[PDB]
Amino acid sequence: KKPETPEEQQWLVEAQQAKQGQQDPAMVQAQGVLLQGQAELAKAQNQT
Amino acid sequence: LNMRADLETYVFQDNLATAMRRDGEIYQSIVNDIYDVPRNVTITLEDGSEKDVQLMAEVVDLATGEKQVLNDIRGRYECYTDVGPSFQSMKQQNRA
Amino acid sequence: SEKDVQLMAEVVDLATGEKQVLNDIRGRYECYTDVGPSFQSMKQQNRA
């Protein structure tokens, strides 16, 4: 929606940055199951 | 249409003879400290040069007590004259 | 007139009242007329 402020920013704007910082590591966490293939090659090359 | 006309006078008649009721200003008395915007005058976090941003409020319809009760604004623009479903109590509308 | 938007002093539109009122813009046109359903508020149009 983006901020529509009657005068408010105490909750709206404040928690907008907090939610943005919650979302971004959670995407990496969810994509981490597909990332298991690249980690398998990474440990193999180091083990060699 | 005729009912909407009788509903133009409703607040004016209600405020003396039912007493109370006031419509004020959206901005409120306490002034604390204004909170940040990206450098002043923008539409990204204000409405423009229009308004200002402080605290959390939106309320305009609320009634003062002052040192003596009954204080009423002489003109009101908040809600426009319209009709709809029949409710003669708030709790009847709360269910519906 | 328009080739620029946003440089952090943004006002899209605000009324000209000057020193004393009873003045207006002489370019009273940036808009074309149109006919649609009954709207007696911004809110009514936002619902439909």
# chains A, B, ... in the order shown; residues from 1 in each chain; ligands from 1
call {"tool": "closest_atom_pairs", "arguments": {"of": "chain C", "to": "chain B", "cutoff": "8 Å", "atoms": "only C-alpha atoms", "output": "JSON lines"}}
result
{"residue": "C:8", "atom": "CA", "partner": "B:42", "partner_atom": "CA", "distance": 5.9}
{"residue": "C:9", "atom": "CA", "partner": "B:41", "partner_atom": "CA", "distance": 5.0}
{"residue": "C:10", "atom": "CA", "partner": "B:42", "partner_atom": "CA", "distance": 4.6}
{"residue": "C:11", "atom": "CA", "partner": "B:48", "partner_atom": "CA", "distance": 5.0}
{"residue": "C:12", "atom": "CA", "partner": "B:48", "partner_atom": "CA", "distance": 7.1}
{"residue": "C:14", "atom": "CA", "partner": "B:50", "partner_atom": "CA", "distance": 7.6}
{"residue": "C:40", "atom": "CA", "partner": "B:80", "partner_atom": "CA", "distance": 7.7}
{"residue": "C:41", "atom": "CA", "partner": "B:80", "partner_atom": "CA", "distance": 7.9}
call {"tool": "residues_around", "arguments": {"residues": "residue 27 in chain B", "least_positions_apart": "2", "cutoff": "10 Å", "atoms": "only C-alpha atoms", "output": "ChimeraX atom specification"}}
result
/A:6-7 /B:24-25,29-31,51-60
call {"tool": "closest_residue", "arguments": {"among": "B:26, B:32, B:69, B:96", "to": "chain A", "atoms": "only C-alpha atoms"}}
result
B:26
call {"tool": "select_by_dssp", "arguments": {"residues": "chain C", "states": "alpha helix (DSSP H)", "output": "list in words"}}
result
residues 42, 43, 44, 45, 46 and 47 of chain C
call {"tool": "write_last_selection", "arguments": {"atoms": "C-alpha atoms", "output": "CSV table (one decimal), in the first residue's frame"}}
result
chain,number,residue,atom,x,y,z
C,42,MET,CA,-13.6,9.5,-2.3
C,43,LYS,CA,-14.5,6.5,-0.1
C,44,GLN,CA,-17.6,5.7,-2.2
C,45,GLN,CA,-15.4,5.5,-5.3
C,46,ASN,CA,-12.7,3.5,-3.5
C,47,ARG,CA,-15.4,0.9,-2.6
call {"tool": "atom_distance", "arguments": {"atom1": "CA of residue 39 in chain C", "atom2": "CA of residue 3 in chain A"}}
result
24.7 Å
call {"tool": "interface_residues", "arguments": {"of": "chain A", "to": "chain B", "cutoff": "12 Å", "atoms": "only C-alpha atoms", "output": "JSON, numbers by chain"}}
result
{"A": [1, 2, 3, 4, 5, 6, 7, 8, 9, 10, 11, 12, 13, 14]}
call {"tool": "write_last_selection", "arguments": {"atoms": "N, CA, C and O atoms", "output": "PDB file, in the first residue's frame"}}
result
ATOM      1  N   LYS A   1       0.826  -1.185   0.000  1.00  0.00           N
ATOM      2  CA  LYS A   1       0.000   0.000   0.000  1.00  0.00           C
ATOM      3  C   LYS A   1       0.858   1.230   0.000  1.00  0.00           C
ATOM      4  O   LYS A   1       0.554   2.187  -0.712  1.00  0.00           O
ATOM      5  N   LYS A   2       1.963   1.193   0.795  1.00  0.00           N
ATOM      6  CA  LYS A   2       2.867   2.288   1.084  1.00  0.00           C
ATOM      7  C   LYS A   2       2.226   3.243   2.072  1.00  0.00           C
ATOM      8  O   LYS A   2       0.998   3.312   2.105  1.00  0.00           O
ATOM      9  N   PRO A   3       2.964   3.977   2.916  1.00  0.00           N
ATOM     10  CA  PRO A   3       2.400   4.811   3.967  1.00  0.00           C
ATOM     11  C   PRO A   3       1.373   5.816   3.512  1.00  0.00           C
ATOM     12  O   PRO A   3       1.667   6.631   2.639  1.00  0.00           O
ATOM     13  N   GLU A   4       0.170   5.749   4.123  1.00  0.00           N
ATOM     14  CA  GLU A   4      -0.835   6.773   4.055  1.00  0.00           C
ATOM     15  C   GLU A   4      -0.909   7.192   5.485  1.00  0.00           C
ATOM     16  O   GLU A   4      -1.140   6.364   6.365  1.00  0.00           O
ATOM     17  N   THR A   5      -0.603   8.484   5.746  1.00  0.00           N
ATOM     18  CA  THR A   5      -0.427   8.986   7.083  1.00  0.00           C
ATOM     19  C   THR A   5      -1.476  10.051   7.330  1.00  0.00           C
ATOM     20  O   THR A   5      -1.426  11.108   6.703  1.00  0.00           O
ATOM     21  N   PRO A   6      -2.435   9.850   8.240  1.00  0.00           N
ATOM     22  CA  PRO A   6      -3.293  10.918   8.730  1.00  0.00           C
ATOM     23  C   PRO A   6      -2.478  11.813   9.628  1.00  0.00           C
ATOM     24  O   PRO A   6      -2.658  13.029   9.598  1.00  0.00           O
ATOM     25  N   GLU A   7      -1.607  11.179  10.444  1.00  0.00           N
ATOM     26  CA  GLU A   7      -0.515  11.794  11.150  1.00  0.00           C
ATOM     27  C   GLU A   7       0.326  10.661  11.681  1.00  0.00           C
ATOM     28  O   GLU A   7       1.351  10.884  12.322  1.00  0.00           O
ATOM     29  N   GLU A   8      -0.059   9.399  11.367  1.00  0.00           N
ATOM     30  CA  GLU A   8       0.440   8.222  12.027  1.00  0.00           C
ATOM     31  C   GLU A   8       1.756   7.842  11.415  1.00  0.00           C
ATOM     32  O   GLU A   8       1.977   8.061  10.227  1.00  0.00           O
ATOM     33  N   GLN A   9       2.675   7.299  12.239  1.00  0.00           N
ATOM     34  CA  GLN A   9       3.874   6.667  11.748  1.00  0.00           C
ATOM     35  C   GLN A   9       4.436   5.819  12.854  1.00  0.00           C
ATOM     36  O   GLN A   9       5.442   5.134  12.673  1.00  0.00           O
ATOM     37  N   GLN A  10       3.738   5.803  14.014  1.00  0.00           N
ATOM     38  CA  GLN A  10       4.160   5.198  15.253  1.00  0.00           C
ATOM     39  C   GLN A  10       4.207   3.698  15.120  1.00  0.00           C
ATOM     40  O   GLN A  10       5.068   3.038  15.702  1.00  0.00           O
ATOM     41  N   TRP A  11       3.239   3.142  14.357  1.00  0.00           N
ATOM     42  CA  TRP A  11       3.093   1.734  14.106  1.00  0.00           C
ATOM     43  C   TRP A  11       3.389   1.465  12.656  1.00  0.00           C
ATOM     44  O   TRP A  11       4.215   0.608  12.354  1.00  0.00           O
ATOM     45  N   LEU A  12       2.668   2.146  11.729  1.00  0.00           N
ATOM     46  CA  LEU A  12       2.770   2.012  10.289  1.00  0.00           C
ATOM     47  C   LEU A  12       4.170   1.986   9.725  1.00  0.00           C
ATOM     48  O   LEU A  12       4.571   0.994   9.122  1.00  0.00           O
ATOM     49  N   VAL A  13       4.931   3.090   9.909  1.00  0.00           N
ATOM     50  CA  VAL A  13       6.240   3.299   9.328  1.00  0.00           C
ATOM     51  C   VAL A  13       7.283   2.523  10.085  1.00  0.00           C
ATOM     52  O   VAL A  13       8.176   1.927   9.482  1.00  0.00           O
ATOM     53  N   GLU A  14       7.191   2.521  11.436  1.00  0.00           N
ATOM     54  CA  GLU A  14       8.126   1.889  12.343  1.00  0.00           C
ATOM     55  C   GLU A  14       8.281   0.416  12.045  1.00  0.00           C
ATOM     56  O   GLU A  14       9.365  -0.051  11.700  1.00  0.00           O
TER      57      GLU A  14
END
call {"tool": "atom_distance", "arguments": {"atom1": "CA of residue 38 in chain C", "atom2": "CA of residue 92 in chain B"}}
result
27.7 Å
